[PDB]
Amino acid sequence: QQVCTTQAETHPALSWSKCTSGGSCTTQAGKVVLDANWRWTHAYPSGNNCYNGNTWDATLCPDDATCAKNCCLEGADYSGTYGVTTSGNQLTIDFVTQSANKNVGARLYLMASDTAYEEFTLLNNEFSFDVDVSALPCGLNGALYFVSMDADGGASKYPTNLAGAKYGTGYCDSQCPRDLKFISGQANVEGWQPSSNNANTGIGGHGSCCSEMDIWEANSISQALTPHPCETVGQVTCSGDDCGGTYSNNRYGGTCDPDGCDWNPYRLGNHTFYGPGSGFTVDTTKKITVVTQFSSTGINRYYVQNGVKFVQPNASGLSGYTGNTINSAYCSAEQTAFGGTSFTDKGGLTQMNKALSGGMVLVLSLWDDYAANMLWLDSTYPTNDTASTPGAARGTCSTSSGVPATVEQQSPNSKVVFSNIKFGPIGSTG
């Protein structure tokens, strides 16, 4: 895509800490950038909208290549349109923001500079952040995660991407998402189908696949930590159903693992660890520090709240696994007990570790779920199962919760607040 400037693009500043072996940390002057899908796209250098509602303009966009030549991305009013603000080391994302239109959430990337995403190599290192999920009810997901995106958004590979990282291009993840309007310097107009339950979204003929490490997906009720490997570490474009993922006729027919080897303490039999108020070990009405440590043998986790350190609880009642670590033994035991082969079919932790040994881009988002109402995170899922089905129970939310139109109407002032990001070798951030 091209770049237009009737709306200025200024990336909100966000401080974070880089720590070194020995525990010295120094402040990094980062910034964040809004994903290109949230932006206004119109004719370059000026003219009609290329995309409006959930359909493309056929004249401007007769094919994928011509569309990208004819259409530009605009700048973003982060606070006024998207409900995104920063202060020092703190980032806030509001759920519903009303201005010209109703905006729902956001997806943002941490930048090293105004033209480059920050690239984190996770293996042998740890990532720490603080989060306030108190204003995230059932059906919402405040997510902090990593994907194997190109640092320049693909600009050096695809000359028709003139927008680059400055405009939040180049997203990919383990779903091989097909809802993206621009992939690898081309529009996704050919075969585009509007969503039946969402006025603003659709599904195109291509998707964008890459490795993904979901450090944090959570609301005030439930949370999960999930590696997702892909057969190719970095970005690849897929076609149609061969993308796999939720919006495809065969979920597992692609090159990424859309399920992942997930660790949700509630799903793993600990129903008192995480939740609102003093009945839980980690009280979700108050700020939580979440630390995640990556090794060739596994992923370890601890929390700090009110100055008190709590390690990840052990899996409870999982046949053949007694630890608290995402390692190959856990991922196999999980598949054996709960079902599925996707994670190991796509190369498991060995393949995940290849992505963790290269640069990954930090993604911060807030979303509601137009496929499954977030029931997979915070309720019983699938709903035709009950608590007696192994792995069915993931949280205490009602099976009727999380319908997007309902949560958007009911809880529009929901928000997530991420802060105090720290990164360095294992043991260095604490």
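Residue indices: 1-based, along the sequence shown.
Here 338 to 346 and 182 to 190 are compared by their mean Cα B-factor, and 182 to 190 comes out higher. Of the two segments, 350 to 358 and 200 to 208, the one listed with the higher mean B-factor is 200 to 208 (C-alpha atoms only). Considering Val33, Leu366, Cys397, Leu60 together, the PDB entry gives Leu60 the largest C-alpha B factor.
In this structure the maximum Cα B-factor among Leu377, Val403, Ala393, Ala43 is found at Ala43. The entry lists a Cα temperature factor for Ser419 that places it in the lowest third of the chain's modelled residues. Among the modelled residues of its chain, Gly427 has a C-alpha B-factor that falls in the middle third, as given in the PDB entry. Ranked by Cα temperature factor within the chain, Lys309 sits in the middle third according to the deposited record. Among the modelled residues of the chain, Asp257 sits in the lowest third by CA temperature factor in this PDB entry. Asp114 sits in the middle third of its chain by CA B factor, as recorded in the PDB entry.
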